[PDB]
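Structure data follow from structure-v7.txt (compact mmCIF, C-alpha atoms and all ligand atoms):
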# COMPACT_ATOMS: atom_id res chain seq x y z
CA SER A 1 246.77 98.22 178.25
CA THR A 2 248.94 98.10 175.12
CA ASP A 3 248.52 101.81 174.27
CA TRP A 4 250.54 102.92 177.27
CA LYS A 5 253.45 104.31 175.25
CA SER A 6 251.47 106.82 173.19
CA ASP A 7 249.35 107.89 176.15
CA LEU A 8 252.42 108.71 178.27
CA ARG A 9 254.21 110.51 175.44
CA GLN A 10 251.10 112.60 174.86
CA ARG A 11 251.63 113.61 178.51
CA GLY A 12 255.38 114.14 178.37
CA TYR A 13 256.45 110.82 179.89
CA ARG A 14 258.67 107.96 178.80
CA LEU A 15 259.69 104.76 180.56
CA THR A 16 263.33 103.80 180.81
CA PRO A 17 264.24 100.13 180.22
CA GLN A 18 264.00 99.25 183.90
CA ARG A 19 260.62 100.95 184.22
CA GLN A 20 259.35 99.05 181.20
CA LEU A 21 260.71 95.82 182.69
CA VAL A 22 258.65 96.36 185.86
CA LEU A 23 255.57 97.19 183.82
CA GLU A 24 256.09 93.97 181.82
CA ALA A 25 256.54 91.99 185.05
CA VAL A 26 253.24 93.25 186.50
CA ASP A 27 251.67 92.28 183.17
CA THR A 28 253.33 88.86 183.05
CA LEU A 29 253.08 87.81 186.69
CA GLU A 30 249.41 88.23 187.55
CA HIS A 31 248.86 89.06 191.27
CA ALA A 32 252.52 89.97 191.71
CA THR A 33 254.09 91.26 194.91
CA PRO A 34 256.95 93.77 194.80
CA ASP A 35 259.29 90.88 195.53
CA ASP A 36 257.88 88.70 192.79
CA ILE A 37 258.41 91.64 190.47
CA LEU A 38 261.97 92.00 191.75
CA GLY A 39 262.65 88.40 190.85
CA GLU A 40 261.14 88.71 187.40
CA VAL A 41 262.94 91.94 186.53
CA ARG A 42 266.30 90.58 187.62
CA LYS A 43 266.14 88.15 184.65
CA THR A 44 266.85 91.18 182.47
CA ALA A 45 268.35 93.73 184.80
CA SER A 46 270.10 91.73 187.48
CA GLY A 47 271.49 94.90 189.07
CA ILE A 48 268.10 96.17 190.24
CA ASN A 49 267.09 96.41 193.91
CA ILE A 50 263.68 96.35 195.59
CA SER A 51 263.62 100.03 196.52
CA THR A 52 263.71 100.80 192.79
CA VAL A 53 260.85 98.37 192.33
CA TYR A 54 258.90 100.12 195.12
CA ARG A 55 259.32 103.53 193.53
CA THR A 56 258.60 102.40 189.98
CA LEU A 57 255.35 100.80 191.16
CA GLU A 58 254.43 103.99 193.04
CA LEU A 59 255.12 105.99 189.90
CA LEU A 60 253.30 103.65 187.50
CA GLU A 61 250.28 103.60 189.79
CA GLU A 62 250.24 107.40 190.02
CA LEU A 63 250.56 107.48 186.24
CA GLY A 64 247.51 105.25 185.91
CA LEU A 65 249.23 102.25 184.28
CA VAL A 66 249.29 100.04 187.33
CA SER A 67 246.89 99.38 190.21
CA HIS A 68 246.97 97.28 193.36
CA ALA A 69 244.58 95.05 195.27
CA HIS A 70 244.93 93.22 198.53
CA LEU A 71 244.90 89.45 198.93
CA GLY A 72 245.81 87.17 201.81
CA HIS A 73 246.90 88.88 205.02
CA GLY A 74 246.02 92.14 203.31
CA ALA A 75 249.15 91.98 201.18
CA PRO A 76 248.97 94.21 198.07
CA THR A 77 249.49 92.71 194.63
CA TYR A 78 249.94 94.70 191.43
CA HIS A 79 248.20 94.39 188.09
CA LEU A 80 247.68 96.64 185.07
CA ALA A 81 245.01 99.27 185.57
CA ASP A 82 242.90 97.73 182.79
CA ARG A 83 242.93 94.12 184.07
CA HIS A 84 241.59 92.18 187.07
CA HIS A 85 238.31 94.04 187.40
CA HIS A 86 236.68 91.64 189.85
CA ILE A 87 236.36 90.26 193.38
CA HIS A 88 238.90 87.93 194.99
CA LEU A 89 237.83 85.23 197.43
CA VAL A 90 240.63 84.02 199.68
CA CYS A 91 240.33 80.47 200.99
CA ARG A 92 240.95 79.75 204.66
CA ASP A 93 243.34 76.94 203.72
CA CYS A 94 243.78 76.11 200.03
CA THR A 95 246.52 78.15 198.33
CA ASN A 96 244.08 79.32 195.67
CA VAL A 97 242.21 82.56 195.04
CA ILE A 98 238.88 82.45 193.26
CA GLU A 99 238.00 85.42 191.05
CA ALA A 100 234.33 86.38 190.77
CA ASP A 101 232.52 88.79 188.44
CA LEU A 102 231.67 91.83 190.56
CA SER A 103 228.11 91.88 189.20
CA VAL A 104 227.79 88.89 191.53
CA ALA A 105 227.59 91.64 194.16
CA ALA A 106 225.26 94.07 192.37
CA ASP A 107 222.62 94.05 195.09
CA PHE A 108 225.04 94.00 198.01
CA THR A 109 226.93 97.09 196.87
CA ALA A 110 223.58 98.77 196.34
CA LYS A 111 222.37 97.75 199.80
CA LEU A 112 225.49 99.49 201.14
CA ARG A 113 225.11 102.59 198.98
CA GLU A 114 221.75 103.11 200.72
CA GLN A 115 221.79 101.86 204.32
CA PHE A 116 225.16 103.60 204.84
CA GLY A 117 225.67 105.92 201.88
CA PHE A 118 228.85 103.98 201.15
CA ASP A 119 229.91 103.33 197.55
CA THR A 120 232.20 100.34 197.11
CA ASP A 121 233.93 98.42 194.33
CA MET A 122 234.54 95.20 196.29
CA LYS A 123 237.89 94.96 194.51
CA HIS A 124 240.56 96.62 196.65
CA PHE A 125 240.34 94.12 199.49
CA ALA A 126 239.80 90.39 199.23
CA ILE A 127 237.04 88.45 200.99
CA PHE A 128 238.17 85.72 203.35
CA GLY A 129 236.15 82.55 203.90
CA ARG A 130 235.85 78.78 203.55
CA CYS A 131 235.70 76.96 200.21
CA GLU A 132 234.20 73.50 199.71
CA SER A 133 236.96 72.89 197.16
CA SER B 1 235.54 88.36 227.66
CA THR B 2 235.89 88.80 231.43
CA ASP B 3 236.02 85.06 232.21
CA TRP B 4 239.40 84.65 230.58
CA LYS B 5 241.27 83.86 233.80
CA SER B 6 239.20 80.84 234.85
CA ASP B 7 239.04 79.47 231.31
CA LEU B 8 242.85 79.53 230.92
CA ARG B 9 243.47 78.04 234.37
CA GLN B 10 241.05 75.24 233.56
CA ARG B 11 243.45 74.61 230.64
CA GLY B 12 246.70 74.97 232.56
CA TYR B 13 247.53 78.54 231.51
CA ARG B 14 248.24 81.77 233.34
CA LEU B 15 249.16 85.23 232.07
CA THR B 16 252.16 87.04 233.49
CA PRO B 17 251.79 90.78 234.22
CA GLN B 18 253.09 91.79 230.81
CA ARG B 19 250.77 89.35 229.06
CA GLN B 20 247.83 90.72 231.01
CA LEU B 21 248.91 94.26 230.13
CA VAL B 22 248.78 93.43 226.41
CA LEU B 23 245.39 91.79 226.81
CA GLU B 24 244.12 94.89 228.63
CA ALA B 25 245.55 97.12 225.87
CA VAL B 26 243.72 95.21 223.13
CA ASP B 27 240.61 95.57 225.27
CA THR B 28 241.15 99.28 225.94
CA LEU B 29 242.39 100.45 222.55
CA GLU B 30 239.77 99.23 220.09
CA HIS B 31 241.24 98.51 216.61
CA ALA B 32 244.78 98.52 217.99
CA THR B 33 247.92 97.83 215.99
CA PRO B 34 250.90 96.08 217.57
CA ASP B 35 252.55 99.48 217.84
CA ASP B 36 249.54 101.11 219.47
CA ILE B 37 249.60 98.23 221.93
CA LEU B 38 253.32 98.80 222.51
CA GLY B 39 252.62 102.40 223.39
CA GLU B 40 249.79 101.54 225.75
CA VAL B 41 251.69 98.78 227.56
CA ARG B 42 254.73 100.97 228.08
CA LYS B 43 252.64 103.11 230.48
CA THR B 44 252.93 100.20 232.93
CA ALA B 45 255.92 98.22 231.72
CA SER B 46 258.18 100.74 230.06
CA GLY B 47 260.85 98.09 229.50
CA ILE B 48 258.82 96.13 226.95
CA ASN B 49 259.73 95.88 223.26
CA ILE B 50 257.61 95.22 220.19
CA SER B 51 258.86 91.70 219.56
CA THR B 52 257.38 90.75 222.94
CA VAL B 53 254.15 92.40 221.85
CA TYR B 54 254.22 90.40 218.59
CA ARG B 55 254.63 87.10 220.39
CA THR B 56 252.09 87.82 223.11
CA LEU B 57 249.49 88.66 220.46
CA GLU B 58 250.35 85.47 218.57
CA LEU B 59 249.95 83.50 221.78
CA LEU B 60 246.72 85.20 222.90
CA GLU B 61 245.21 84.67 219.46
CA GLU B 62 246.17 80.99 219.47
CA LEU B 63 244.71 80.75 222.96
CA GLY B 64 241.43 82.17 221.69
CA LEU B 65 241.41 85.39 223.75
CA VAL B 66 242.37 87.73 220.95
CA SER B 67 241.52 87.98 217.25
CA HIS B 68 242.56 90.23 214.38
CA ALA B 69 240.89 91.92 211.44
CA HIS B 70 242.28 93.98 208.62
CA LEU B 71 241.55 97.64 208.02
CA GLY B 72 243.13 100.25 205.78
CA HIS B 73 245.97 99.04 203.57
CA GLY B 74 245.19 95.57 204.85
CA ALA B 75 246.82 96.34 208.19
CA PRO B 76 245.74 93.95 210.98
CA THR B 77 244.21 95.32 214.17
CA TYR B 78 243.57 93.32 217.32
CA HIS B 79 240.46 93.00 219.43
CA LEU B 80 239.13 90.52 221.98
CA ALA B 81 237.71 87.35 220.45
CA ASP B 82 234.26 88.19 221.82
CA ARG B 83 234.03 91.77 220.49
CA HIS B 84 233.83 93.51 217.10
CA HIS B 85 231.63 90.94 215.39
CA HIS B 86 230.82 93.03 212.32
CA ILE B 87 231.87 94.51 208.97
CA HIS B 88 234.25 97.46 208.60
CA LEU B 89 233.83 99.97 205.78
CA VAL B 90 236.98 101.94 205.04
CA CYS B 91 236.49 105.39 203.53
CA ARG B 92 238.57 106.45 200.54
CA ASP B 93 239.50 109.69 202.32
CA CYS B 94 237.95 110.38 205.73
CA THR B 95 239.97 108.95 208.63
CA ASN B 96 236.92 107.08 209.91
CA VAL B 97 235.81 103.46 209.78
CA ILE B 98 232.11 102.67 209.79
CA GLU B 99 231.03 99.45 211.50
CA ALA B 100 228.00 97.63 210.09
CA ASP B 101 225.95 94.72 211.44
CA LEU B 102 226.93 91.69 209.36
CA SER B 103 223.28 90.73 208.90
CA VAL B 104 223.39 93.69 206.51
CA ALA B 105 225.10 91.13 204.26
CA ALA B 106 222.86 88.12 204.89
CA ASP B 107 221.88 87.66 201.26
CA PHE B 108 225.30 88.47 199.82
CA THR B 109 227.11 85.85 201.90
CA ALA B 110 224.40 83.39 200.90
CA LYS B 111 224.76 84.30 197.22
CA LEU B 112 228.45 83.44 197.60
CA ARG B 113 227.85 80.21 199.52
CA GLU B 114 225.92 79.01 196.44
CA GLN B 115 227.35 80.45 193.21
CA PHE B 116 230.88 79.59 194.43
CA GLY B 117 230.48 77.29 197.43
CA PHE B 118 232.37 79.88 199.44
CA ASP B 119 231.44 80.55 203.07
CA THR B 120 232.47 83.96 204.36
CA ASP B 121 232.18 86.07 207.49
CA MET B 122 232.85 89.46 205.85
CA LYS B 123 234.82 90.38 208.98
CA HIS B 124 238.49 89.53 208.44
CA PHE B 125 239.04 92.08 205.68
CA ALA B 126 237.57 95.54 205.44
CA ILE B 127 235.59 96.87 202.47
CA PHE B 128 237.01 99.93 200.75
CA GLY B 129 234.80 102.56 199.13
CA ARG B 130 233.48 106.12 199.08
CA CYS B 131 231.35 107.65 201.84
CA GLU B 132 229.02 110.62 201.37
CA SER B 133 230.03 111.72 204.87
CL CL C 1 251.31 103.10 172.05
CL CL C 2 248.69 88.96 184.51
CL CL C 3 237.64 84.50 235.55
CL CL C 4 238.10 97.94 222.34
CL CL C 5 250.31 94.35 205.39
NI NI C 6 244.60 88.05 208.70
NI NI C 7 245.52 99.50 199.14
ZN ZN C 8 242.62 89.12 190.26
ZN ZN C 9 235.47 96.81 214.67

Write-out of the structure in structure tokens:
Amino acid sequence: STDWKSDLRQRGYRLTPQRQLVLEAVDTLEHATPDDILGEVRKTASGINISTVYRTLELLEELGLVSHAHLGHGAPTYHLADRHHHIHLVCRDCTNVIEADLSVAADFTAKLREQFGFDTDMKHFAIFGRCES
Amino acid sequence: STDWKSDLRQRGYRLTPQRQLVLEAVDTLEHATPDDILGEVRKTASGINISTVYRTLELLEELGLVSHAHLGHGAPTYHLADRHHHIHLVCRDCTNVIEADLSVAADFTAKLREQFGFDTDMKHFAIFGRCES
């Protein structure tokens, strides 16, 4: 979201250059891992290490600006809280992830909400399978 | 499966004590992590380290005796290839995983097989959500 600066200020928070760089990286990268972010941020702040990237992501997530989702091997990837609202389908071979509108699981989630009293988004974890493509 | 010994021999393979210990641990533990396995195996072979546990699991999985599935945070847990054929539902708070017959997703998987040409088991990765319990 591009209103992040006013929202944080209205809450007493400001992002230092390096924190903004990490936020930009998560924005720019799409499905970025902490290490991908490290690489991207170094193009501006070469002196940054991964522990700083780990903490900034923890902070940004807690602040509501960033969110994570798991992909292959259950590895978490970061994206802005407002983007990537859907289901990822991980292929059992092709290095490609297919994104699918979560409505495409409207009944399923409902079936779960009843038979188990379990409410799910279908977003946090990916779904592994085989793809004809 | 309790026929593992004859099947491996009929393929030219035998498990040393420590390899059998790890196989027993995966059997005994239910949703065990490499570290849980390490702990369990040490009760018989105290001198074993985790790297040995990592390789034995890799081997056993490749051999077909063991299989893994992801739970909370996308962490892989090991079980015997023949067991745990179902869907895990990870609660957004309670330290409990609910197992659900995968038929309880018969339509959903089908819906995916068509609209995306994606064939999925629903087993490999867990489903995160909220549980009334
Ligand atoms: Cl703003
Ligand atoms: Cl992006
Ligand atoms: Cl046997
Ligand atoms: Cl078990
Ligand atoms: Cl992981
Ligand atoms: Ni896996
Ligand atoms: Ni997570
Ligand atoms: Zn996505
Ligand atoms: Zn299970």

Within 7 Å of ligand NI 6 (chain C): each chain B residue with its shortest pair, all atoms listed in the file, as CSV:
residue,atom,partner,partner_atom,distance
B:68,CA,C:NI6,NI,6.4
B:69,CA,C:NI6,NI,6.0
B:70,CA,C:NI6,NI,6.4
B:76,CA,C:NI6,NI,6.4
B:124,CA,C:NI6,NI,6.3

Practice prompt. Record the distance separating CA of residue 12 (chain A) and CA of residue 43 (chain A), expressed in Å with one decimal.
Written response: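 Straight-line distance from CA of residue 12 (chain A) to CA of residue 43 (chain A) works out to 28.8 Å.
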
Response to the item:
Between CA of residue 132 (chain A) and CA of residue 117 (chain B) lies a distance of 5.8 Å

Would you mind aligning chain B to chain A, a least-squares fit over all C-alpha atoms taken in order, and returning the superposed chain as a PDB file with C-alpha atoms, in the frame of the given file?
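The new file result_38.pdb reads:
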ATOM      1  CA  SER B   1     246.769  98.219 178.256  1.00  0.00           C
ATOM      2  CA  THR B   2     248.936  98.104 175.123  1.00  0.00           C
ATOM      3  CA  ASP B   3     248.523 101.808 174.273  1.00  0.00           C
ATOM      4  CA  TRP B   4     250.540 102.909 177.269  1.00  0.00           C
ATOM      5  CA  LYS B   5     253.451 104.313 175.259  1.00  0.00           C
ATOM      6  CA  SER B   6     251.463 106.814 173.184  1.00  0.00           C
ATOM      7  CA  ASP B   7     249.344 107.890 176.148  1.00  0.00           C
ATOM      8  CA  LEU B   8     252.419 108.712 178.280  1.00  0.00           C
ATOM      9  CA  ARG B   9     254.208 110.513 175.440  1.00  0.00           C
ATOM     10  CA  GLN B  10     251.104 112.604 174.854  1.00  0.00           C
ATOM     11  CA  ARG B  11     251.630 113.608 178.514  1.00  0.00           C
ATOM     12  CA  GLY B  12     255.380 114.146 178.365  1.00  0.00           C
ATOM     13  CA  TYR B  13     256.443 110.818 179.892  1.00  0.00           C
ATOM     14  CA  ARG B  14     258.672 107.966 178.804  1.00  0.00           C
ATOM     15  CA  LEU B  15     259.682 104.753 180.560  1.00  0.00           C
ATOM     16  CA  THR B  16     263.330 103.796 180.821  1.00  0.00           C
ATOM     17  CA  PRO B  17     264.245 100.126 180.227  1.00  0.00           C
ATOM     18  CA  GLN B  18     263.995  99.249 183.902  1.00  0.00           C
ATOM     19  CA  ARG B  19     260.622 100.958 184.213  1.00  0.00           C
ATOM     20  CA  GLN B  20     259.358  99.050 181.199  1.00  0.00           C
ATOM     21  CA  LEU B  21     260.706  95.821 182.691  1.00  0.00           C
ATOM     22  CA  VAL B  22     258.657  96.369 185.860  1.00  0.00           C
ATOM     23  CA  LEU B  23     255.569  97.179 183.822  1.00  0.00           C
ATOM     24  CA  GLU B  24     256.077  93.982 181.808  1.00  0.00           C
ATOM     25  CA  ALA B  25     256.531  91.993 185.043  1.00  0.00           C
ATOM     26  CA  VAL B  26     253.237  93.244 186.488  1.00  0.00           C
ATOM     27  CA  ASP B  27     251.678  92.287 183.167  1.00  0.00           C
ATOM     28  CA  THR B  28     253.332  88.858 183.050  1.00  0.00           C
ATOM     29  CA  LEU B  29     253.079  87.813 186.689  1.00  0.00           C
ATOM     30  CA  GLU B  30     249.407  88.225 187.558  1.00  0.00           C
ATOM     31  CA  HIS B  31     248.858  89.061 191.271  1.00  0.00           C
ATOM     32  CA  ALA B  32     252.520  89.975 191.713  1.00  0.00           C
ATOM     33  CA  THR B  33     254.092  91.268 194.905  1.00  0.00           C
ATOM     34  CA  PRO B  34     256.952  93.768 194.804  1.00  0.00           C
ATOM     35  CA  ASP B  35     259.291  90.879 195.541  1.00  0.00           C
ATOM     36  CA  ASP B  36     257.879  88.683 192.792  1.00  0.00           C
ATOM     37  CA  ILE B  37     258.398  91.639 190.479  1.00  0.00           C
ATOM     38  CA  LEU B  38     261.971  92.004 191.744  1.00  0.00           C
ATOM     39  CA  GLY B  39     262.642  88.401 190.855  1.00  0.00           C
ATOM     40  CA  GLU B  40     261.134  88.706 187.398  1.00  0.00           C
ATOM     41  CA  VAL B  41     262.943  91.943 186.528  1.00  0.00           C
ATOM     42  CA  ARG B  42     266.294  90.572 187.623  1.00  0.00           C
ATOM     43  CA  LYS B  43     266.147  88.147 184.656  1.00  0.00           C
ATOM     44  CA  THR B  44     266.850  91.185 182.459  1.00  0.00           C
ATOM     45  CA  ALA B  45     268.358  93.741 184.808  1.00  0.00           C
ATOM     46  CA  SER B  46     270.103  91.734 187.480  1.00  0.00           C
ATOM     47  CA  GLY B  47     271.483  94.903 189.066  1.00  0.00           C
ATOM     48  CA  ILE B  48     268.096  96.167 190.246  1.00  0.00           C
ATOM     49  CA  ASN B  49     267.084  96.402 193.911  1.00  0.00           C
ATOM     50  CA  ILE B  50     263.686  96.353 195.585  1.00  0.00           C
ATOM     51  CA  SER B  51     263.618 100.024 196.516  1.00  0.00           C
ATOM     52  CA  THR B  52     263.715 100.799 192.787  1.00  0.00           C
ATOM     53  CA  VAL B  53     260.848  98.366 192.333  1.00  0.00           C
ATOM     54  CA  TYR B  54     258.906 100.125 195.121  1.00  0.00           C
ATOM     55  CA  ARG B  55     259.314 103.530 193.530  1.00  0.00           C
ATOM     56  CA  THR B  56     258.596 102.394 189.985  1.00  0.00           C
ATOM     57  CA  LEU B  57     255.342 100.802 191.154  1.00  0.00           C
ATOM     58  CA  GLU B  58     254.432 103.985 193.033  1.00  0.00           C
ATOM     59  CA  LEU B  59     255.126 105.994 189.898  1.00  0.00           C
ATOM     60  CA  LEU B  60     253.305 103.647 187.500  1.00  0.00           C
ATOM     61  CA  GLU B  61     250.284 103.595 189.794  1.00  0.00           C
ATOM     62  CA  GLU B  62     250.231 107.391 190.015  1.00  0.00           C
ATOM     63  CA  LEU B  63     250.565 107.489 186.241  1.00  0.00           C
ATOM     64  CA  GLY B  64     247.516 105.257 185.909  1.00  0.00           C
ATOM     65  CA  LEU B  65     249.229 102.255 184.275  1.00  0.00           C
ATOM     66  CA  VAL B  66     249.291 100.044 187.332  1.00  0.00           C
ATOM     67  CA  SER B  67     246.895  99.376 190.211  1.00  0.00           C
ATOM     68  CA  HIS B  68     246.971  97.267 193.362  1.00  0.00           C
ATOM     69  CA  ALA B  69     244.575  95.055 195.273  1.00  0.00           C
ATOM     70  CA  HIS B  70     244.927  93.216 198.532  1.00  0.00           C
ATOM     71  CA  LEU B  71     244.894  89.458 198.937  1.00  0.00           C
ATOM     72  CA  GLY B  72     245.810  87.167 201.807  1.00  0.00           C
ATOM     73  CA  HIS B  73     246.905  88.880 205.014  1.00  0.00           C
ATOM     74  CA  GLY B  74     246.016  92.137 203.313  1.00  0.00           C
ATOM     75  CA  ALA B  75     249.150  91.980 201.178  1.00  0.00           C
ATOM     76  CA  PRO B  76     248.969  94.210 198.070  1.00  0.00           C
ATOM     77  CA  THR B  77     249.486  92.711 194.623  1.00  0.00           C
ATOM     78  CA  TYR B  78     249.941  94.689 191.427  1.00  0.00           C
ATOM     79  CA  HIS B  79     248.206  94.389 188.092  1.00  0.00           C
ATOM     80  CA  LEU B  80     247.678  96.633 185.073  1.00  0.00           C
ATOM     81  CA  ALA B  81     245.000  99.276 185.568  1.00  0.00           C
ATOM     82  CA  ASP B  82     242.905  97.726 182.795  1.00  0.00           C
ATOM     83  CA  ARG B  83     242.937  94.120 184.073  1.00  0.00           C
ATOM     84  CA  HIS B  84     241.593  92.180 187.072  1.00  0.00           C
ATOM     85  CA  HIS B  85     238.310  94.046 187.396  1.00  0.00           C
ATOM     86  CA  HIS B  86     236.679  91.642 189.847  1.00  0.00           C
ATOM     87  CA  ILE B  87     236.356  90.253 193.381  1.00  0.00           C
ATOM     88  CA  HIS B  88     238.910  87.936 194.997  1.00  0.00           C
ATOM     89  CA  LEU B  89     237.828  85.232 197.436  1.00  0.00           C
ATOM     90  CA  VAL B  90     240.631  84.024 199.681  1.00  0.00           C
ATOM     91  CA  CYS B  91     240.327  80.472 200.988  1.00  0.00           C
ATOM     92  CA  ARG B  92     240.949  79.757 204.661  1.00  0.00           C
ATOM     93  CA  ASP B  93     243.343  76.944 203.720  1.00  0.00           C
ATOM     94  CA  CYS B  94     243.784  76.113 200.029  1.00  0.00           C
ATOM     95  CA  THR B  95     246.522  78.155 198.333  1.00  0.00           C
ATOM     96  CA  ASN B  96     244.081  79.322 195.665  1.00  0.00           C
ATOM     97  CA  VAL B  97     242.215  82.560 195.045  1.00  0.00           C
ATOM     98  CA  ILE B  98     238.883  82.449 193.256  1.00  0.00           C
ATOM     99  CA  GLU B  99     237.999  85.418 191.051  1.00  0.00           C
ATOM    100  CA  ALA B 100     234.328  86.378 190.767  1.00  0.00           C
ATOM    101  CA  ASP B 101     232.524  88.795 188.443  1.00  0.00           C
ATOM    102  CA  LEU B 102     231.665  91.839 190.555  1.00  0.00           C
ATOM    103  CA  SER B 103     228.115  91.876 189.195  1.00  0.00           C
ATOM    104  CA  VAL B 104     227.792  88.887 191.529  1.00  0.00           C
ATOM    105  CA  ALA B 105     227.586  91.639 194.161  1.00  0.00           C
ATOM    106  CA  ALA B 106     225.260  94.064 192.378  1.00  0.00           C
ATOM    107  CA  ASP B 107     222.617  94.057 195.091  1.00  0.00           C
ATOM    108  CA  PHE B 108     225.046  93.996 198.011  1.00  0.00           C
ATOM    109  CA  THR B 109     226.938  97.092 196.869  1.00  0.00           C
ATOM    110  CA  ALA B 110     223.579  98.773 196.335  1.00  0.00           C
ATOM    111  CA  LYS B 111     222.379  97.754 199.801  1.00  0.00           C
ATOM    112  CA  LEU B 112     225.493  99.486 201.143  1.00  0.00           C
ATOM    113  CA  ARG B 113     225.114 102.592 198.977  1.00  0.00           C
ATOM    114  CA  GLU B 114     221.744 103.111 200.717  1.00  0.00           C
ATOM    115  CA  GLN B 115     221.791 101.858 204.320  1.00  0.00           C
ATOM    116  CA  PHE B 116     225.163 103.604 204.846  1.00  0.00           C
ATOM    117  CA  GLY B 117     225.680 105.920 201.877  1.00  0.00           C
ATOM    118  CA  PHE B 118     228.845 103.979 201.145  1.00  0.00           C
ATOM    119  CA  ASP B 119     229.912 103.329 197.549  1.00  0.00           C
ATOM    120  CA  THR B 120     232.203 100.345 197.097  1.00  0.00           C
ATOM    121  CA  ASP B 121     233.922  98.420 194.328  1.00  0.00           C
ATOM    122  CA  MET B 122     234.530  95.193 196.289  1.00  0.00           C
ATOM    123  CA  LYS B 123     237.891  94.958 194.507  1.00  0.00           C
ATOM    124  CA  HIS B 124     240.560  96.621 196.651  1.00  0.00           C
ATOM    125  CA  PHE B 125     240.341  94.112 199.494  1.00  0.00           C
ATOM    126  CA  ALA B 126     239.800  90.394 199.223  1.00  0.00           C
ATOM    127  CA  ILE B 127     237.040  88.454 200.993  1.00  0.00           C
ATOM    128  CA  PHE B 128     238.171  85.720 203.357  1.00  0.00           C
ATOM    129  CA  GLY B 129     236.156  82.548 203.907  1.00  0.00           C
ATOM    130  CA  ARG B 130     235.855  78.780 203.545  1.00  0.00           C
ATOM    131  CA  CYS B 131     235.697  76.958 200.205  1.00  0.00           C
ATOM    132  CA  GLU B 132     234.200  73.497 199.705  1.00  0.00           C
ATOM    133  CA  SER B 133     236.959  72.883 197.158  1.00  0.00           C
TER     134      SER B 133
END

Worksheet entry | Distance-based interface of chain A with chain B, 6 Å, counting all atoms listed in the file, as a PyMOL selection string | chain A and resi 74+108+117-120+129-132

Discussion item. Within 7 Å of ligand ZN 9 (chain C) (counting all atoms listed in the file), which residues show up? I'd like them as a count of residues only.
Written reply: 5

Worksheet entry | Two-atom distance - CA of residue 40 (chain B), CA of residue 78 (chain B) (Å) | 13.3 Å

Worksheet entry | Expected selection as number ranges by chain for ligand CL 3 (chain C) within 7 Å, only C-alpha atoms and all ligand atoms | B: 2-7

Item to complete: Excluding region 52-63 of chain B and any residue of its chain fewer than 4 positions from it, enumerate the residues within 7 Å of it, using only C-alpha atoms, and give them as a ChimeraX atom specification.
Response: /B:19,34,38,48,67

Worksheet item: From the list A:64, A:77, A:36, A:46, which residue is nearest ligand CL 5 (chain C) when using all atoms listed in the file?
Response: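 Checking each candidate against ligand CL 5 (chain C), we get A:77 as the closest.
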
Take region 64-73 of chain A, bring it up to N, CA, C and O atoms, and give me the output as a compact mmCIF listing (two decimals), in the coordinates of the input.
# COMPACT_ATOMS: atom_id res chain seq x y z
N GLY A 64 248.72 105.90 186.39
CA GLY A 64 247.51 105.25 185.91
C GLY A 64 247.72 103.93 185.19
O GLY A 64 246.74 103.26 184.85
N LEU A 65 248.97 103.51 184.98
CA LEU A 65 249.23 102.25 184.28
C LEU A 65 249.08 100.99 185.12
O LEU A 65 248.72 99.92 184.63
N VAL A 66 249.34 101.15 186.41
CA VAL A 66 249.29 100.04 187.33
C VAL A 66 248.34 100.32 188.49
O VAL A 66 248.09 101.48 188.82
N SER A 67 247.79 99.26 189.07
CA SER A 67 246.89 99.38 190.21
C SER A 67 247.14 98.21 191.14
O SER A 67 247.68 97.18 190.73
N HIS A 68 246.77 98.36 192.41
CA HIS A 68 246.97 97.28 193.36
C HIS A 68 245.68 96.82 194.01
O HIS A 68 244.65 97.52 193.97
N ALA A 69 245.73 95.63 194.59
CA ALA A 69 244.58 95.05 195.27
C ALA A 69 245.16 94.17 196.35
O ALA A 69 246.26 93.63 196.19
N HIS A 70 244.44 94.02 197.44
CA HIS A 70 244.93 93.22 198.53
C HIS A 70 244.38 91.80 198.52
O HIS A 70 243.21 91.57 198.17
N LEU A 71 245.25 90.86 198.89
CA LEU A 71 244.90 89.45 198.93
C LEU A 71 245.06 88.95 200.36
O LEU A 71 244.69 89.65 201.31
N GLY A 72 245.62 87.75 200.50
CA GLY A 72 245.81 87.17 201.81
C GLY A 72 246.62 88.04 202.75
O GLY A 72 247.60 88.68 202.34
N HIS A 73 246.20 88.09 204.01
CA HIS A 73 246.90 88.88 205.02
C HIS A 73 246.91 90.36 204.69
O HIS A 73 247.64 91.13 205.31
